[PDB]
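Each residue of the sequence shown is one higher than the one before, starting from 16 at the first, in the numbering used here. These notes concern the structure reproduced below.
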Amino acid sequence: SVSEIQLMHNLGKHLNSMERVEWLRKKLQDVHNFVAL
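Next up, the structure:
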């Protein structure tokens with residue numbers, strides 16, 4: 016897409032408002048491990 020670099024157009028699986036709040040819930044069990052398991 017065009018203009019996809021606004022902070023890398025702060026993209027993350029099309030992170031929206033309800034996706035960023037759930038994102039943060041996943042980043043809570045990630046910031047001290049960084050593993051998808």
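All C-beta atoms, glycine included, are put in the ideal place defined by N, C-alpha and C.
Between the CA atoms of residue j and residue i - distance to the nearest angstrom
{"i": "residue 18", "j": "residue 40", "result": "28 Å"}
{"i": "residue 32", "j": "residue 42", "result": "15 Å"}
{"i": "residue 51", "j": "residue 26", "result": "19 Å"}
{"i": "residue 44", "j": "residue 22", "result": "24 Å"}
Same chain only: Cβ atoms within 8 Å of residue i, ignoring 5 sequence neighbours per side
{"i": "residue 30", "result": "38"}
{"i": "residue 36", "result": "none"}
Unbroken alpha helix (DSSP H) run spanning residue i, endpoints
{"i": "residue 43", "result": "32-43"}
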